[PDB]
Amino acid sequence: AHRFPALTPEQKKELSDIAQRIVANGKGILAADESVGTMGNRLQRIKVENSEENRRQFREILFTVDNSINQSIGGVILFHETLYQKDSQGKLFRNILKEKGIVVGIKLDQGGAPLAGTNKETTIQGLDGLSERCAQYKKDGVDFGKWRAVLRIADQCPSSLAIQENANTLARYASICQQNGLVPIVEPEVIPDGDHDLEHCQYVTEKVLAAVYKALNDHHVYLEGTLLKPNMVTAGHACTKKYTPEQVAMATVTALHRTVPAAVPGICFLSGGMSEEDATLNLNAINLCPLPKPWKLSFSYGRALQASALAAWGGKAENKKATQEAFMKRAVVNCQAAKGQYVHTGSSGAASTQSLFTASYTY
């Protein structure tokens, strides 16, 4: 069996070079891969029409921000459409990103398909022609892919059928990417939907992650050239029990250190519909947790990085600067959280006769 290696040293070399480059120095990933539909929901909240032009206009503002973002963002996931668009000067977005030293990625899955005989559980489509597409994307400047699997917690969920299917499909996609020079981002998301508590989520997350890594081993996937994008362990949305960032952090690292091999260079958490503040505090807490953490604990945020930026835009180029600033702040803040250096409300201890201030009363 060892006489039929999946990759050559050169293929392994390029994969690890990319995987590490994306998470180097505490950098994270901007998940700007919202499809037309999803982007429509975003734009709808700010009373803007969902048209290719308005989508392009927003993405343009994010990608053309000060080159300083290459200190916080090491990669960006794009939706197919955007990979071929241009800014207002004819410059291709992908080339703008690359000039700054940012790695470009592409969403590779094609949504979910129903699994018969289960309680509303799915699997994911997208394997057909994935190789040709990856080779092509590779020519067009993409260096990494992203596949999202969905597991739900409910009555009879997740089932072993759901777990085994999604794990092996994820492993298939991973293998195919590596064969074409793309670093696969494995995203086994256990959705927050439900009234289940923290503890119930942590249990399920471990089970899914153990199945995921076993499948990857069976499929001969090169761990050093991959990235994991799992959910943080948290209670469900409809849960009454409220938890702190420290509790969530503990549950998370506990689940992760019992399943994810150290060969994996970086783990980037998905924001999963979290508020910008929570996504930062939790990640910070995750990097402060005393448990063994042999890999980078970063972020791969979508709305936790764009929520306020979209709000400052309003569909007016007239508000470009504010949009760029809102994005910049969130990127800097999360990069600090990925280093466990995010001090929340300012950085000053008790005082009031400290030295020469200005911070007092109000305004």
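All residue numbers are counted from 1 along the displayed sequence.
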Notebook entry, point to check: Can you tell me which stretch has the higher mean Cα B-factor, 16 to 24 or 351 to 359?
Noted result: 351 to 359
Note to self: Tell me which stretch has the larger mean Cα B-factor in this entry, 108 to 116 or 285 to 293.
What the structure shows: 285 to 293
Notebook entry, point to check: Reading the B-factor column of the entry, which of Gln324, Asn334, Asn70, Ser300 has the highest value at its C-alpha atom?
Noted result: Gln324
Next item on the list: Compare the CA B factors listed in the entry for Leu62, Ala338, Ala317, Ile29 and report the winner.
Entry: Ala317
Check: Split the chain's modelled residues into thirds by Cα B-factor; is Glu189 in the lowest, middle or highest one?
Finding: middle
Checklist line | Assigned third (lowest, middle, highest) for the C-alpha B factor of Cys201 | finding: middle
Notebook entry, point to check: Based on the entry's values, in what third of the chain does the Cα temperature factor of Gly74 lie: lowest, middle or highest?
Noted result: lowest
Notebook entry, point to check: Sorting the chain's CA B-factors, does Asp155 end up in the lowest, middle or highest third?
Noted result: highest
Next item on the list: Ordered by C-alpha B-factor within the chain, which third holds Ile267? Give me lowest, middle or highest, please.
Entry: middle
